[PDB]
Amino acid sequence: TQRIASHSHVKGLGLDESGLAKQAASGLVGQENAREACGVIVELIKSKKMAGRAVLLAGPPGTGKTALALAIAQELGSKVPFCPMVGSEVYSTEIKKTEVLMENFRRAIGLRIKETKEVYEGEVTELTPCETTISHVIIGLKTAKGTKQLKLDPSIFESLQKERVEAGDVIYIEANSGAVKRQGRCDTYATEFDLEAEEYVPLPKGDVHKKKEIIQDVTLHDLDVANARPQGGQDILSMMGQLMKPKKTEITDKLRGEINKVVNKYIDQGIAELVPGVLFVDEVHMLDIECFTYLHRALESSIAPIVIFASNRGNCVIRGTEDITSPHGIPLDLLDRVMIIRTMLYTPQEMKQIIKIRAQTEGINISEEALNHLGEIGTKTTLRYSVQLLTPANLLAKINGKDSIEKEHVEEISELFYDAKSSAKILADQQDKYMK
Amino acid sequence: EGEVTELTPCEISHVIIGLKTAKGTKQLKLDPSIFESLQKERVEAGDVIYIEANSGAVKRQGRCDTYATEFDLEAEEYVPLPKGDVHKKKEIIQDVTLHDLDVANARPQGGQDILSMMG
Amino acid sequence: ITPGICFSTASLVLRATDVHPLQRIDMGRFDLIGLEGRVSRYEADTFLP
Amino acid sequence: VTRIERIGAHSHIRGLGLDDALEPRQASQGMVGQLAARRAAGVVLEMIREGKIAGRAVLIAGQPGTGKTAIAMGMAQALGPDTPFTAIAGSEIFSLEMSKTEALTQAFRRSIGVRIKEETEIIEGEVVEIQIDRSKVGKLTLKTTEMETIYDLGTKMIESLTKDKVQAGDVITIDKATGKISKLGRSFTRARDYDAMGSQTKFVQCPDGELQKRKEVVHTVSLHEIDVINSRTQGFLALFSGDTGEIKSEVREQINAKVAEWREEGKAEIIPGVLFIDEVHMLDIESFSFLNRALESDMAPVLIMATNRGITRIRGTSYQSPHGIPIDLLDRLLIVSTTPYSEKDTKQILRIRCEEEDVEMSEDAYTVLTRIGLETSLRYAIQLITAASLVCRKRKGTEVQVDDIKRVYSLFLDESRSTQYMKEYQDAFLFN
Amino acid sequence: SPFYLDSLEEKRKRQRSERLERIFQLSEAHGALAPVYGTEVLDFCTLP
Amino acid sequence: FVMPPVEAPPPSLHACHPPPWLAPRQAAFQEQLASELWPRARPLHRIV
Ligand SMILES: Nc1ncnc2c1ncn2[C@@H]1O[C@H](COP(=O)(O)OP(=O)(O)O)[C@@H](O)[C@H]1O
Ligand SMILES: Nc1ncnc2c1ncn2[C@@H]1O[C@H](COP(=O)(O)OP(=O)(O)O)[C@@H](O)[C@H]1O
Ligand SMILES: [Mg+2]
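Protein chains in written order, with full-length UniProt numbering: chain A, 12 to 143, 153 to 456; chain B, 132 to 142, 154 to 261; chain C, 917 to 965; chain D, 16 to 149, 156 to 453; chain E, 1882 to 1929; chain F, 1978 to 2025.
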C-alpha cells in the first residue's frame, strides 16, 4: 500500500513468545491485556478445530479495536481469509439481511486447492481435422524453443472454429478443459497487409507445453455464486439469460450442503485444504434485532467461522427494537455467546508514542517540543485530532521552508482547524444563527 | 421514395433495388438491415415504398396505382406513383429537450439490432 | 437521429478480470449446476463406479 | 485432517439419550439432565416417526442456556437423515423476494419428503457404426463385451443422434420409452491418445452384460422442490439460485393431487418431517396468524419451536403475551419447559465439552469452572474451556490447571463484568 | 536400425507415459461429481 | 403514433488495443441471438 491509511502502522499484535504483550511493538502502544487476549484468539484461529466462536471488542471510541482486528489479520497472514464488513452493509436492496450475513460467513471460510495446470501455447502452423465426423484434430504450435504436434479431442474443433483460428495465429489450449483463446496474430505476419485491423502479438518464448503447479485460495461463497447461475450454454434461454442483469440471489441451503459435501470429498481426496478464517463485523450496533437473532443460529453452526465484533456504544437501544436497551446495543442473548475483550483509554505517554509512530509512518519529522504540544492537544481534545494534525503541519513547514515540524506550525494548524468539542462550543454559542 | 422495379439480393445478403418515379429511375445498393426491413414489409415488384436513410426506416405504402385494374379483389391498398425525385433531401427544425437526448442515450433503440429489442 | 456515444477507455481495463490459465485452478470440479439436464443418476451411481 | 464440519456449540450431542421406554438416562448420547424435557422430546419424536397425525406443534420454552437448541439438535440427530428436518431461524422469513406467508409455506413444504421410485428400461452399449442414407433411414450398431446388434433408426432417432453428435467409440444409453440419448463416455483406443481433452469428455470401459437394461432410481425430494420444478420452464435452476418467487396456489394444489396419485400408484412415498423454527418470537403477528391455519392442513409437518422470552411484546403489535406468541397460537401447541441446571449437571456438561474438544482438566479446574458457570453462565464456561486449553498449550503444558482458568477469566470478560466496567466509564461510551 | 537414438526414444516414451497419465487423471476428474438431482429425478418430477 | 423525439444507437466502447477475442465473441453471440429471435419478432413489425 503506497498510500498511508489509518492503520498503516499496525504490523502485528506485538506479543513475545510467551504470549505477553510488549509495551511498544509492531506499531501498537499499550493495550497489553487486549493484545494478549487477541493473541489467544489468534492461537484459536490457527488451531482450526473450533467453529463459530465469537469475540466482541468493547471500549470507548478511538481505543484501538479496529487496529487490534487488523493486527489479528496481519498475524494470521494472507493465507487465512479475513473478511471485514460493516454492520450497516446488511441493508441490501437485492437480498435479505440474513442472506448478506450468511454470504459473509461463507466468505470467511476459505478453501486451498493444489493443482498442476497444463497449457499448450504457440503460433499455429497447421490445423488439420482428421475425418473418420472428425476423429481428432492435428494442430501445429510453434514457439521460440521448437515445434510440437498435438492430437486434439474432436470437441475442441468447435472451440477452434468459434474463435476463428487460422494458421499464423497465437493461441493457447487448456489441456484439462480444451478452452482455446486466440490472442492475436504472430508479428512475423504483421507486414502481410499494409492496413488490417489486427492485434499482432510476439511469438511465445518458452516451450509449447507449459506446466505450472499452483496453489489458489477460494472461499465457499465463490463456489456458491459459481453454482447459483449456469454458465455458457448454447440454448436460447441461456443466451437470453446472459443479457439479464446480474442480481444477488438467496442461495438455498440445499446448495450450501451439496457444496459442503463436494468440499469434503475433495478434502478427503487430498487436493483441498480448509482454512476456517475470520469474519470481522465492525459497527455491529448497526445490526437490528433480526440480524442478531439470525446470528444466534449462525454462530451455533458447526461450519461457521470465527466472528469478531466491535462496539463503542454504551447502554443504547437495539436498532430493530422500540425501547429495549442493551449493554452495547447487542442483545443479552448474543452477549451471552461472546467473549468480550475490553479496550481502555490511553495515557498521555501512550498517546505521544502513537503520534510519534504515525509521524514516522507518514514520513514526517517532528521536533520534541512539537510532539509535546501535539500530545497536550490530544489530551485536551482527542488522539485522532492530534494524529490528523501531523500532515497539514508538515505541509505548512514545507511551505515555510523547514523540513521539520516546529511548535509554531502545530499552533497555526490548531488555529486553522477545529476539533469536535470546539465546533460544538461555537455552535452552542450561536444556536439561533445555525440551522435547527 | 419510389416504386420498386427490382429487388435483387446480393450475397449476410445485401440488396440491389431499383426505384422509379414520375421524374426518373435510380438503382441503389442498401444494407442487409434495410433488406430485412423490406422483407418484413413484404415489398415486391410494383409496390410504392418510402425509405428514410437516416433511421433506415422502410415503409411500404401500397401497390402502385397502375396495377389497381388487374384484379377485382386483391386485398391491397393502392398508392399513386411518387411525383418527385427518387432521392430527396429535406431540412427541418426539430424541437427536442435535453431529457429526450438523455433518454435516447440511456435506453437506446436506434441500432435496430436484436440487443436493442432485448433491452 | 444522433450518433452514438463513443466511450474510450484504456486497453488495460478490458483485461482486468482476465487471469492466465497457468495462474488459475479448474473451477469445473465444483460445477454442480452444470450437471443438471446433462448428467443422469444412472451414470453417477451405477455405471461409472 | 480438518474437514468442513468442526467442533461447534452442539457437536457433542448425538441424540436424546433415551432407552426403549423413553426414560432419559442421566448422561447418554451427549446430553445431561433435562430429564422431563428429554422425555417430552422423545414422545414428540415417536409422534414424528409414526407420521399418522399432521400439524402438531411443540414449543420448547425456557431460560437461556437451558438446552432448548440442544434438545432440538438431539431430536434432529436421533431422527434419521431420511426424515426431513428443516431448521430455520425466525428472522429468515423476512425476505425481499417473497412474502412472509410464502416463506412459511416454503418452509412447511421443505419439511415433507417424497421418496420416488422409477423403473425404466434402457439400451446401453458402445457405438460401433452409424450409417445414414440420404437423414431418412439408417442403422445403428451397439456392442457390449458379450453382445452386439444392429438397430433400424427412424427420422426422430436420426435427428436425435445427429443433434448429440454421437460417433464411433461413444458409450451411450438410450431410454426405450422416450428415446432420449445421453452419452456416458467414450472407449479408449490407441488412436484416442489426446493431448488435450474437452471439459465433458471422459473415457469409460465398454459395458458388460446385455444391451437391454433396467434402470431403477430412488430419490427423496420435498414438496417444495416439486413446486419449484413446476413453477417455471427451467424451475430447477431456482432450486440453486433461490429466485423462486411466490408460487401460485393452483400449482401447489395440482402438485398435491399428483403426489397423492403417485402414492396411490406406488411410484412415491410420503415422509413427513419436522420444521424447527428457532427464536420464533421474531415472527410477526401476521406470521403467527398464518401459522394458526397452516398447521391445519393434511400436508403439514411437525412444527417444533423454541423461545426464551418471558411475557413480552408481540412483534408488530403493542400487546403483551406470555412468550411473544399470541395466545391463540399458544393454545394450538404443547409447551415443553426446560429447567436450569444444577452444579452437578453443569460439571457433567463441562466434562462432555472437554471430551469433545480433547482437553484434559484437573478436578480443581473443573470445580473452579463449574463455580464460574453457575456465577456467570454455562456458555461462558464452555468458551473458557477452549481458551484455557489454548493458554495451557502456549506454556507447553499438558493439563489445564486453575491458574490457566484464572488467566482466561482475567483476559476474557463475561457480560456482567463488562457491564460494570462500562458503567464505571459510562460517559466515555457513545449514546447512553 | 542405424539411425536409432536411445535418448529420442526415451523422450518419446516418457511423453507417451505422461499423456496416458494425463488421460487417466482427466477422465477421473470429469466424472467425479454426481448431480444434486439428476435427469431421471427431474423428468419424473416435471409435470406436463 | 407516439415516436421518441430522439433516437440513438447504443454507446460503443472503444479501446486502442482491446482483447482480440471480445469483439468476435460479441459478434457471434449477437448473430446467434438474432438468428434465433428475429423470426419471432415479426408480429411486432407494425407496432415498431
Ligand atoms: N494502542 C494503539 N496503538 C497504536 N495505534 C492505535 C492504538 N489504538 C488506536 N490506534 C490508532 O488510532 C486510530 C483510531 O483507532 P481505531 O482503531 O479507529 O479505534 P476504534 O476502532 O475504537 O474507533 C487508528 O488508526 C489506530 O491505528
Ligand atoms: N442437557 C444438555 N446437555 C449437554 N449440553 C447442553 C445441555 N443443555 C445445554 N447444553 C449446552 O449449552 C449450550 C447452550 O444451550 P442451547 O440449548 O444451545 O441454547 P439455549 O438453551 O440457551 O436455547 C449449547 O452449546 C449446549 O451444547
Ligand atoms: Mg437456543
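The C-beta atom is built at its ideal place from N, Cα and C for all residues, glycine as well.
- So, helix, strand or coil for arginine 2019 (chain F), using DSSP? If DSSP states are grouped into helix, strand and coil, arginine 2019 (chain F) belongs with the helices.
- Task: Kindly indicate the opening and closing residues of the alpha helix (DSSP H) around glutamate 377 (chain D).
- Result: Under the DSSP assignment, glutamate 377 (chain D) falls in the alpha helix (DSSP H) whose first and last residues are 364-378.
- Residues of chain B with a CB under 8 Å from the CB of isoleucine 917 (chain C): which are they? Going along chain B in sequence order, the residues near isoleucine 917 (chain C) (Cβ under 8 Å) are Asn196, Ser197, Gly252.
- Cutoff 6 Å; reference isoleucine 332 (chain D); Cβ partners in own chain excluding five residues on either side: When the five nearest sequence neighbours on each side are left out, the beta carbons in the same chain lying within less than 6 Å of the beta carbon of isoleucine 332 (chain D) are those of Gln341, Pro343, in order along the chain.
- Query: Is there contact between the region 174-182 of chain D and the region 432-443 of chain D, where contact requires at least three CB pairs shorter than 8 Å?
  - Reply: Because the criterion of three Cβ pairs below 8 Å is not met, the region 174-182 of chain D and the region 432-443 of chain D do not touch.
- Any heavy atom of ligand 2 within a distance shorter than 7 Å of the CB on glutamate 183 (chain A)? No, Cβ of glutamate 183 (chain A) sits at least 7 Å from all heavy atoms of ligand 2.
- Message: Distance check for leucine 434 (chain D) and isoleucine 361 (chain A), CA to CA, integer angstroms please.
- Response: About 7 Å.
- Message: Given a cut-off of 8 Å on the beta-carbon distance, is the pair residue 153 (chain D) and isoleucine 108 (chain D) in contact?
- Response: Absent from the coordinates is residue 153 (chain D), which sits in the stretch where chain D moves from 149 straight to 156.
- Message: With H, G and I counted as helix, E and B as strand and the rest as coil, what does DSSP make of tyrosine 446 (chain D)?
- Response: Coil, per DSSP.
- Assuming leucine 161 (chain B) and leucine 138 (chain B) form a contact by the criterion Cβ under 8 Å, report the distance between their Cβ atoms to the nearest whole angstrom. Separation of the CB atoms of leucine 161 (chain B) and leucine 138 (chain B) is rounded to 10 Å, and the pair is thereby denied contact status at 8 Å.
- Going straight from the alpha carbon of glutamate 1984 (chain F) to that of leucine 243 (chain B), what length do you get? A straight-line Cα-Cα distance of about 8 Å links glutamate 1984 (chain F) and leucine 243 (chain B).
- How long is the line joining the alpha carbons of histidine 240 (chain D) and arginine 957 (chain C), rounded to whole angstroms? In a straight line, the C-alpha of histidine 240 (chain D) is about 9 Å away from that of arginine 957 (chain C).
- Message: What does the alpha-carbon distance come out to for the pair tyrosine 430 (chain D) and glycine 41 (chain A)?
- Response: Between the alpha carbons of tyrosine 430 (chain D) and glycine 41 (chain A) lies a distance of about 20 Å.
- Query: Between which two residues does the alpha helix (DSSP H) harbouring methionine 259 (chain B) extend?
  - Reply: Start and end: 256-260.
- Could you please give the first and the last residue of the uninterrupted alpha helix (DSSP H) stretch that includes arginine 336 (chain D)? Boundaries for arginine 336 (chain D): no alpha helix (DSSP H) harbours it, and the DSSP string shows neither H nor E there.
- Task: Kindly examine ligand 1 and report whether one of its heavy atoms sits closer than 7 Å to the Cβ of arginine 404 (chain A).
- Result: Result yes, Cβ under 7 Å from ligand 1.
- Taking three-plus beta-carbon pairs below 8 Å as touching, is the region 191-206 of chain A in contact with the region 207-221 of chain D? Touching, yes, given that three or more Cβ pairs across the two stretches are closer than 8 Å.
- Nearest-angstrom Cα separation, counted from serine 155 (chain B) out to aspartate 191 (chain D): Distance between the alpha carbons of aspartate 191 (chain D) and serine 155 (chain B): 39 Å.
- Query: From D:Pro322, D:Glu381, D:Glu267, pick the residue whose C-alpha is nearest to that of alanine 69 (chain D); which is it?
  - Reply: Closest by alpha carbon: D:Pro322.
- Can you pull the chain A residues whose beta carbon is under 9 Å from the beta carbon of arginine 1903 (chain E), in chain order? Within 9 Å Cβ-Cβ: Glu129, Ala195, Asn196.
- Message: For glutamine 1896 (chain E) and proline 2001 (chain F), what's the separation of their Cα atoms in angstroms?
- Response: If you draw a straight line from the Cα of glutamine 1896 (chain E) to the Cα of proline 2001 (chain F), it is about 35 Å long.
- Is the beta carbon of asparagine 329 (chain D) within less than 7 Å of some heavy atom of ligand 2? True, at least one ligand heavy atom lies under 7 Å from that Cβ.
- Message: Using a Cβ-Cβ distance cut-off of 8 Å, determine whether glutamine 236 (chain A) contacts chain C.
- Response: Yes, its Cβ sits closer than 8 Å to a Cβ of chain C.
- In whole angstroms, what is the alpha-carbon distance linking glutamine 255 (chain D) and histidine 27 (chain D)? About 41 Å.
- Buried or exposed for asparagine 115 (chain A), please, with buried defined as at least 16 other CB atoms from any protein chain shown within 10 angstroms of its CB. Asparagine 115 (chain A) is buried by the Cβ-count criterion.
- Span separating the alpha-carbon of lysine 427 (chain A) from that of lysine 417 (chain D): Cα to Cα, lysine 427 (chain A) sits roughly 51 Å from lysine 417 (chain D).
- According to the neighbour-count rule (16 or more other Cβ atoms, all chains shown, within 10 Å of its Cβ), is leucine 391 (chain A) buried or exposed? Its Cβ being crowded by 16 or more others within 10 Å, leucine 391 (chain A) is buried.
- Message: What are the residues in the region 1912-1923 of chain E lying within 9 Å of chain D by C-beta distance?
- Response: Those residues of the region 1912-1923 of chain E that come within reach of chain D (Cβ to Cβ, closer than 9 Å) are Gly1912, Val1917, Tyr1918, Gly1919, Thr1920, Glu1921, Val1922, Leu1923.
- Selected residue, minimal CA-CA separation from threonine 208 (chain B), among B:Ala187, B:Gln181, B:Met260, B:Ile234: A check of alpha carbon separations from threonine 208 (chain B) across B:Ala187, B:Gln181, B:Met260, B:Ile234 identifies B:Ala187 as the nearest.
- Taking only beta-carbon positions, decide if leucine 948 (chain C) is within less than 8 Å of chain A. With respect to chain A, the C-beta atom of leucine 948 (chain C) has a partner C-beta closer than 8 Å.
- Cα-Cα separation between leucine 1928 (chain E) and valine 272 (chain D), rounded to whole angstroms: C-alpha separation (whole angstroms): 10 Å.
- Task: Starting from the beta carbon of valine 228 (chain A), find every residue of chain E whose beta carbon is closer than 9 Å, and list them in chain order.
- Result: The premise fails here: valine 228 (chain A) is roughly 12 Å from chain E at the closest Cβ pair, so nothing lies under 9 Å.
- Message: Considering only their Cβ atoms, is the gap separating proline 1988 (chain F) from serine 927 (chain C) smaller than 8 Å?
- Response: Judged by their CB atoms, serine 927 (chain C) and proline 1988 (chain F) are not nearer to each other than the 8 Å cut-off.
- For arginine 1895 (chain E), decide whether its Cβ has a neighbour in chain D, counting only Cβ atoms nearer than 8 Å. For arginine 1895 (chain E), no CB of chain D lies under 8 Å from its own CB, so it is not counted at the interface with that chain.
- Just to confirm, does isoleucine 346 (chain D) get its C-beta within under 7 Å of one of the non-hydrogen atoms of ligand 5? Of the ligands this structure carries, namely ligand 1, ligand 2 and ligand 3, none is ligand 5.
- Which residues, taken in chain order from the region 368-391 of chain A, show a beta carbon closer than 7 Å to some beta carbon of chain C? When C-beta distances to chain C are compared with 7 Å, every residue of the region 368-391 of chain A stays at or above that value.
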